[PDB]
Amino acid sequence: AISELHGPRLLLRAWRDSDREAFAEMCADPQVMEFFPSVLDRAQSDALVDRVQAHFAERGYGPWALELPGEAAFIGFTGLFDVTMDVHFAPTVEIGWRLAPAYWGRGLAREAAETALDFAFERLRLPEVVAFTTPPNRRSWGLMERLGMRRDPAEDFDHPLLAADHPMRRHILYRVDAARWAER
């Protein structure tokens, strides 16, 4: 029984088996997956869910499944994931998000992220949370900066889990520390 979190509209909860079909549909959508190397099939979507569930088991937090009580059982994920890869800003905790496209444009990722960052800073009492994306993914880094996260362009980096010559290799880094979060 992991910690569920609430916003005014959203419930951030543990993943359920019944989420897997809806999540696979999202991960097969080229508009959802545009700024990733490819769309995913069901097996790959399920492997991602399994990784998330292992993270929750090990850490007590993770990328929560998003439910919209009064509206929809599952609309995607938003939450925290430990950064352990060989990058300059590791080790730390990242925040990220993936919403079904019918739910974009509503401030729902913003609300989910605010809820997750409140947990990060108030409950976990983390010193900092980061987020990273590619330059063309304006919807994603726009959300980062709207949350109050900030970027130093000198901290751009090549993603180490991508090939050294991969077209999407260059990522940008945003950070928010506990003090900056408290000042809002």
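Between two forms, the rigid core is defined as the largest C-alpha subset superposing within 1.5 Å. Note that residue numbering begins at 1 and tracks the sequence as displayed.
- Two stretches, 153-161 and 26-34, are weighed by how far their CA atoms sit from the shown form in 4 other deposited structures of this protein after rigid core superposition; the farther one is 26-34.
- As listed in the deposited structure, the average C-alpha B-factor of 61-69 and of 120-128 is greater for 120-128.
- In this entry, the higher average B-factor at the C-alpha atoms falls on 159-167, of the pair 14-22 and 159-167.
- Highest C-alpha temperature factor among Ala100, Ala109, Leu80, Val83, as the PDB entry reports it: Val83.
- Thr134 sits in the highest third of its chain by CA B factor, as recorded in the PDB entry.
- Looking at the C-alpha B-factors along this chain, the one for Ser38 belongs to the highest third.
- For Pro91, the recorded CA temperature factor ranks within the highest third of the chain's modelled residues.
- Sorting the modelled residues of the chain by their CA temperature factor places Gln53 in the lowest third.
- In the PDB entry, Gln31 places in the highest third of its chain by CA B-factor.
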